[PDB]
């Protein structure tokens, strides 16, 4: 009847990347929960934009989501990488064959929590040396999908990233109409 997405909002997140994934997913008819990393309070992002989450990560820790989305930004990614809760939830998503999606610096969260080893991914270019030892790093793609893992490079790739997630959950036709309304070629 419906597909869900958990979007984790962490202090120091790249707000553009975050907002694009939340907003595009909602456009495509997906039920998006924005879960604040440390609570239900406003999250101060990387360029000082403050965003109210829908709820806390902790409050949706017993729920299943068709996709777990990790926005990038160095500080948001560092916070998610240190969070034992993010680790538990990511291992859970991997073992239920659910989608994991990470953009920009956020794929280092996968490395930090031992998730999705041996898969192909990309990231923001400056994070590559953290991601070559246990993953096949892709240098030449804006978005990479390998089994249940979708990763992407940064702000210039965030619309394509969100649309690719949307396409897996909501289908081709829906995403075509969504992309048309965005004025995004896809």
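Numbering follows the first chain given and starts at 1.
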Look up the CA B-factors in the entry and say which stretch, 49 to 57 or 114 to 122, has the higher mean.
114 to 122
Regarding 164 to 172 and 7 to 15, which shows the higher C-alpha temperature factor on average in the entry?
164 to 172
Can you tell me whether residue 44 has a C-alpha B-factor in the lowest, middle or highest third compared with the other modelled residues of the same chain?
lowest
Chain third (lowest, middle, highest) by recorded CA B-factor, residue given as residue 107
lowest
Sorting the chain's modelled residues by C-alpha B-factor and splitting them into thirds places residue 96 in the highest
For residue 33, return the chain-relative third of its C-alpha B-factor as stated in the PDB record: lowest, middle or highest.
lowest
Third of the chain, ranked by Cα B-factor, where residue 135 sits
highest
